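> One structure is given below, represented as structure tokens, and several questions about it will come after.
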Amino acid sequence: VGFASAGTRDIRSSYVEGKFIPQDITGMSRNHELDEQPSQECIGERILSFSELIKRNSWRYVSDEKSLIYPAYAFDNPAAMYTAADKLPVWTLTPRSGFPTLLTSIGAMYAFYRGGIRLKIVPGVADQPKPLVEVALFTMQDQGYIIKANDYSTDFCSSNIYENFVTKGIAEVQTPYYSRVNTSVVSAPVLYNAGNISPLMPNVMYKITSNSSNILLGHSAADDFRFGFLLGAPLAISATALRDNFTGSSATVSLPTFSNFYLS
Amino acid sequence: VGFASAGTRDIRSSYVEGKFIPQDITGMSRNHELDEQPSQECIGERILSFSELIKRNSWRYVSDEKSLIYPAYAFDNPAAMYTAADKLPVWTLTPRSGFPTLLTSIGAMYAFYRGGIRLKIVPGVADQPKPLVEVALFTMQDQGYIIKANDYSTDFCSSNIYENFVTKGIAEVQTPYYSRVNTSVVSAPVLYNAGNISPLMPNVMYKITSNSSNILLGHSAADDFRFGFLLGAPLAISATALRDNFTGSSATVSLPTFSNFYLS
Amino acid sequence: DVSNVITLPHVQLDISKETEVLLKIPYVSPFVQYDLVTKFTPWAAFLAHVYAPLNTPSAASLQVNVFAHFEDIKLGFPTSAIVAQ
Amino acid sequence: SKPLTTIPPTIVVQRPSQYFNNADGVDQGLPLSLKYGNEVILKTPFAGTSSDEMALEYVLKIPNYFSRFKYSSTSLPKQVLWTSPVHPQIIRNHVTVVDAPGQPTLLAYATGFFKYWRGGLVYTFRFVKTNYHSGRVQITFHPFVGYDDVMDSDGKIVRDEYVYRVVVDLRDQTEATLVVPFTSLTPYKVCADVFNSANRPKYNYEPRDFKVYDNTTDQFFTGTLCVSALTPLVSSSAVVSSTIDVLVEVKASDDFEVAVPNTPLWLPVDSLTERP
Amino acid sequence: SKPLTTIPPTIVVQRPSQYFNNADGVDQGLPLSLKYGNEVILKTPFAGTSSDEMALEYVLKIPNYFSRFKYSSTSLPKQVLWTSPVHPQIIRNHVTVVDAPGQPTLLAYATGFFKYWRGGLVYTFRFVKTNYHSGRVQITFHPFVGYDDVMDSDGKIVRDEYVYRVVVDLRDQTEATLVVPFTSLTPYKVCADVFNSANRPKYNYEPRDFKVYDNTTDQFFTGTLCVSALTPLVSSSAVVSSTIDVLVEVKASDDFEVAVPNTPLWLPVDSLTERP
Amino acid sequence: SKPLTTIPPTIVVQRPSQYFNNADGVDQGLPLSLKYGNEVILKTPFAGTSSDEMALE
Amino acid sequence: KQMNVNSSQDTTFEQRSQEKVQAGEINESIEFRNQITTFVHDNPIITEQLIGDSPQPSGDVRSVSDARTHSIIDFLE
């Protein structure tokens, strides 16, 4: 099409929309034309959208409360600190609502979202005598949109689902969008006064109860979920570098994974 | 249509039946014309009748008897007391047949009902060696239509259903209307002499037996259930205010919820 | 990092080639319209950052001017509420 | 013959109570009737009507008397005679007890089963007068403003040129009805619950006060409906009372809608008395 | 009647969470909505576009500014002015902290969710100059060679007769864009992770350095893209600066593809500060 | 509406690993791929032949 | 120009169509009007938007907009 120009020509939208078509350095567009053979012969699938990836579940948070109020639509990620000073752990992570998941990691690239989500729960202990888990829609206007041990004893007539840790083993829930608006804000700010009525997120949380002393919570997008308005790379650190221990202090960072959770 | 009139024009039935059509303050009826976009984009469903809500189950009563006679069609709600006097609990509730459920709370707005109901039972303990629960239709004419520990040892050939707390976890029952009349009375009065033959409610109760020391009972409307003759708001108090403790005495009111029941 | 500005919807200005550059942004927000009464929440911000420094033989400065206007306008409902300062 | 099975395996999901919280689905309960499929017909008419008394379109359209005010020879031009925030959590007072939350009207009780609401509200004003009382009053809708802001320090209405207004001439006329359309930046509002007037861990719940429309109240209502006098209500004191009562009723419009049914705001009780 | 069943048995498979890790399948979760089938529509447009902002074809085609270099009256013929390994794990520096791994660009973050990549990469060079600067530069692609090997000991490019090359004349022209096609012996390359610069059991992760294309680096990139001067950039020092900045942006071509999504290379954080 | 189920019961057979030792049948394993039905094509030719090198023949 | 331009005119060759001007200057430039302001540009310009840009859909605002419209004349009336 021409390698160079007098003035800007490679414009952000024009390229993505296919109106600006850069030339291959070899002059033969065939050299960068899609070839389907590789995925068919080597991979066995071909991923086309992050919409597919966020439907895969990942672990978000570990609770040590038998009955918990949990901020369903809070997509924030941990605060991180780094140091190369002697004898101090190199990396430290301090979560608010949980650790990063495919849902919150992909979400951090966008400003908005809409649609429902799914919840998965692994029990630390499947107690035979009291095997049930209840996940209830929690709507008290007074509650802050944060994690808190359940102290309520008056939330009658809620929407409840029951799963059995002994006969099944993992609890599976689907949460409707149930929003007062059609466009929510990813990691909207939660405040002291706030309560559970802000229009920036569905005014709905989870109340999770079981007889297991610990539970591992995970989530993913429901089938009607979407992220919108791409912003760019979110602030991030190398996940592999979390094993760093060059300061002489042993690495102490630990993400919520099944192996970390199930074994001590 | 005209904002004002000389004499009454806004008549109760005429408005509900669509014969009287009030004018929008803006003069454009389009401003109060139904828009389906909001529910489709934000909620994901659109509820049109309380008939839908009462089909959702809610918890009604907690029993500490292994074998119990329970008043199936009794829809009464608790007696309440209030005080702002120092050191006394602000609110106190005293149930007869149980606490309010969607079924009894919606029902309190009407005078009549007809149709069957459903029962759900959560066990305090799923005893492996003796895991069964029996729910039997109870018809002894002598029994008062009230909650009572089972002392009968001669009620042979009853209609029985069996559910397993270990292989399933929650017992599910459906009760036919089985009424001597086609219109029953919501929260009809139960008397001393009465027994189980009054025409105001189906002459049928439940006899529930299991080896769990405690059970949590819940209910909902069956598919052929209906409430009739709207009366208005029932006597009611703010559910959220039950947490009040401004008198210095800690709140002691506790509704039967799964979390209250399962954990101590 | 200007790299995080370049991934956003944006347009670039080369002072030796273009005289002016324009960016149009549609209204996007959880609120269907901007609240003139409580001012609760400006729906966007336009920012201009230096991508490559002003490069001249000796110290110099230029004025970067901004013109703006609204389009695809949708008005709210008649009210006596004050348009907040 | 007794051949080996050739049916392939099916993955199963163990469930204690499928559809427990749903209005729909297929219930798996064991029936207590002798005939498994026992079911009673849908009787029509029932309880005196052929109408569906359980439909929100029926329940929310029943009239709710919720307020009253006075209008007299003493009322001044532009004097605000009455105001009300526009929303459905309209409450009344418990008579035998002095709790702060109060008693819900049918509208508040019914919508209280849902967390969200939207739609128009119909208001009817019944002026209890004779044909010998004469005065003009104006009914105005002030979206996005609380009641302290529709009036100035003298109780006089302000900025009424800016709002939808109905100027009602009262001579022979005795009733006015109008629909206040839904006006909101969010498709749904929240059905207001009581709020804690104390500081945790202390709890003292009271009804919210919509004196101002700001970020601490705007998620619950759309603004204020107001009645102000244009003239005093004049009449001959030799034959009629100089002050009259005005009754107000509210009910839902055609587009009224509620969503997100969960923990109800109101709990029904069989009796309510003062604890000794 | 109550006949004996004649339905034959079915073999079943007990499963705690079928499709847990899949993008597809049929989810078995219990819905919290009142209507079991609750679902919100697919809104279009959404967030200002009718485009699919989640598609890799959209995300990976957003421009990534990732590097800059200088060109001046001082640059010598054949002098290498800039080089970059061709791959998508293009990183930036964290400003508030001095960790070695750094901050990923959008391209590195997004492709970081996958272990494999393949396809063409588009590079755009923006020469920030006036019409009074004059010079010729050449952009060359060196597959299978690291940056220490495109230059000799004097920083001069070598063997440029052997590679695809674009000779860019800069007088009025200010921008050059070209696609570097995928060139690999394996259909897929690996998205490079940091590597341990210490010896286990000690861990000190740092970004890989593609100075050489050999068996310790070739599984991550295809070679080196290079810009070298053919002439110095000349201009009158009486009126213009003698040195200019050249900005470089990279993005995916039409055939770009990623595969094997698993443990991500990058972890998002809400803040990053130095630990005291 | 929420009618009572009218589907009749099915007798089931609990099995830890159906077809474990068979060349055929339908495997019940949980796939580790993102797409549940991930599968690579049958490449022909492969390893230099169009012949079936696994056949006993 | 989806820049809701009231009018637009590329004036690059305008000087070439003046009768008393011979061999007129070819000067890249464009003039466009937006309501009461006219921009007279003396070089190339770039006009960008969101990828797949779509203005806010009208249905989104029914919850707050009045079905009746209001202009200056309406207010004075």
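Just so it is clear, none of the values below were taken in a lab; they were calculated from the coordinates. Heads up, the Cβs are rebuilt from the backbone with ideal geometry, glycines too, and the neighbour counts pull from every protein chain shown.
> What is the distance, in nm, between label points placed 7 Å from the Cα along the Cα-to-Cβ direction at residue A:192 and at residue F:40?
6.0 nm
> Based on the Cβ-Cβ distance of residue A:223 and residue D:274, what FRET efficiency does E = 1/(1 + (r/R0)^6) give at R0 = 45 Å, to the nearest 0.05?
That gives a FRET efficiency of 0.25.
> Looking only at other chains, what is the average number of their beta-carbon atoms within 10 angstrom of each beta-carbon in B:113-125?
4
> With a 10 Å Cβ neighbour count serving as the proxy for reagent exposure, in which order, fewest first, do D:250, A:166 appear?
So the residues, fewest neighbours to most, are A:166, D:250.
> Further question on the same structure: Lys/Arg Cβ at +1, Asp/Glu Cβ at -1, dipole of chain B taken about the Cα centre: which of B:203, B:79, B:215 is farthest positive-ward?
The residue sitting farthest along the positive end of the dipole is B:203.
> Roughly how crowded by other chains is peptide E:101-108, in terms of the mean Cβ count from those chains within 10 Å of each of its Cβ atoms?
Average neighbour count from other chains, rounded to a whole number: 6.
> Taking Cα centroids, how far is the stretch D:102-155 from the stretch C:1-48 in Å?
One Cα centre to the other: 42 Å.
> Taking the simple approach of a point 7 Å from Cα along Cα-to-Cβ for both residue D:6 and residue F:20, what is their distance in nm?
Simple spin-label model gives 2.5 nm for this pair.
> Quote the FRET efficiency, to the nearest 0.05, computed for residue B:231 versus residue E:263 with a Förster distance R0 of 56 Å and r equal to the Cβ-Cβ distance.
Taking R0 as 56 Å, the efficiency between residue B:231 and residue E:263 is 0.35.
> May I ask you to order A:230-241, G:66-77, A:36-47 by the average number of other C-beta atoms within 10 Å around their residues, highest value first?
On the way: A:230-241: 22.8, G:66-77: 10.5, A:36-47: 16.9.
Result, highest mean first: A:230-241, A:36-47, G:66-77.
> If each of residue C:8 and residue D:131 carries a label point 7 Å out from its Cα toward its Cβ, how far apart are those two points in nm?
Here the modelled spin labels are 7.1 nm apart.
> Consider a paramagnetic label point 7 Å from the Cα of residue C:72 along Cα→Cβ; state which residues of the stretch G:39-54 have an amide N under 18 Å from it.
So the set is G:47-54.
> Could you tell me, in Å, what Rg and Dmax come out for the Cα atoms of chain C?
Just the Cα atoms of chain C yield Rg and Dmax of 17.9, 58 Å.
> If you don't mind, another one. I'd like the FRET efficiency for residue G:12 and residue C:22, computed as 1/(1 + (r/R0)^6) with the beta carbon distance as r and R0 of 22 Å, rounded to 0.05.
Step by step, r from the Cβ atoms, then E = 0.75.
> Only Cα pairs under 8 Å and at least 6 apart count here; give the relative contact order of the stretch E:162-270 as a rounded whole percent.
Across the stretch E:162-270, relative contact order equals 17 percent.
> If you don't mind, there's one more thing I want to ask. What's the average, rounded to a whole number, of partner chain beta-carbon atoms within 10 Å of each residue's beta-carbon in B:84-93?
Mean shielding count: 3.
> Also, I was wondering about something else. In a shell of Cβ-Cβ distance under 14 Å around residue E:121, excluding residue E:121 itself, what net charge do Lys and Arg (+1) and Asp and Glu (-1) give? The partial results should precede the final answer.
Numbers: positive: E:61, E:118, E:189, E:251; negative: A:10, A:24, E:249, E:254, E:255, E:257.
Net charge around residue E:121: -2.
> Could you work out the relative contact order of chain E, using alpha carbon pairs under 8 angstrom and six or more residues apart, expressed as a whole percent?
Numbers: 489 pairs, mean separation 89.8, N = 276.
Relative contact order comes out at 33 percent.
> Out of B:245, B:57, B:150, any idea which swings most in a Gaussian network model of chain B, alpha carbons joined below 10 Å?
So, out of B:245, B:57, B:150, the one fluctuating most is B:245.
> Can I ask one more? Only Cα pairs within less than 10 Å get springs; with that Gaussian network setup on chain D, which residue of D:132, D:58, D:36 has the largest fluctuation?
Between D:132, D:58, D:36, it is D:36 that shows the largest mean-square fluctuation.
> Another question about this same structure. What is the distance in Å between the Cα centroid of the stretch E:69-101 and that of the stretch E:1-54?
Taking the Cα centre of each part, the stretch E:69-101 and the stretch E:1-54 sit 49 Å apart.
> Can I ask one more? Would you please classify the overall shape of the protein assembly as shown from the alpha carbon gyration tensor, given that a ≥ b ≥ c denote the square roots of the eigenvalues, rounded means a/c under 1.5, and beyond that prolate means a/b larger than b/c while oblate covers the rest?
Here the protein assembly as shown falls in the oblate category.
> Taking neighbour counts of Cβ atoms within 10 Å as a proxy for exposure, in what order, fewest first, do D:27, C:1, F:52 appear? Walk me through the numbers on the way to the answer.
Values: D:27 24, C:1 15, F:52 10.
The fewest-first ordering by Cβ neighbours comes to F:52, C:1, D:27.
> Still on this structure, please answer the following. Quick one: net charge of residue C:75's neighbours, Cβ under 14 Å, K/R +1, D/E -1?
Local net charge: -3.
> With +1 assigned to the C-beta of every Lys and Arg and -1 to the C-beta of every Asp and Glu, and no other charges, what is the dipole magnitude of the protein assembly as shown about the Cα centre in debye, to the nearest 20? Let's see the in-between values first.
On the way: 106 positive and 128 negative charges, 561 e Å.
Here the protein assembly as shown has a charge dipole of around 2700 debye.
> How about residue E:156: which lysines have a C-alpha closer than 23 Å to its C-alpha, ignoring those fewer than 8 places off in the same chain?
Of all the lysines, those that pass the test against residue E:156 - Cα under 23 Å, at least 8 places apart if same chain - are E:70, E:78, E:211.
> Then there's this: In whole Å, what is the distance between the alpha-carbon centres of the stretch E:166-199 and the stretch G:22-49?
Taking the Cα centre of the stretch G:22-49 as reference, the centre of the stretch E:166-199 is 38 Å away.
> What net charge is computed for the residues neighbouring residue E:194, neighbours being all others with C-beta under 13 Å from the C-beta of residue E:194, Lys and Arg scored +1, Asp and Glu -1?
-3
> Please list the non-local residues whose amide H lies under 5 Å from the amide H of residue B:237, H modeled 1.01 Å from N, same-chain partners needing a gap of 5 or more.
D:267, D:269
> Which order results if A:205, B:81, D:54 are arranged by neighbouring Cβ count within 10 Å, fewest first?
B:81, D:54, A:205
> Anyone know which of F:31, F:45, F:16 comes out most mobile in the 10 Å Cα GNM of chain F?
Looking only at F:31, F:45, F:16, the biggest GNM fluctuation is shown by F:45.
> Anything over 28 Å Cα to Cα? Flag those among C:24/C:74; A:55/F:43; D:115/D:202, in the order listed. Could you put the intermediate results ahead of the total?
On the way: C:24/C:74 16 Å; A:55/F:43 31 Å; D:115/D:202 25 Å.
Table pairs above 28 Å Cα-Cα are A:55/F:43.
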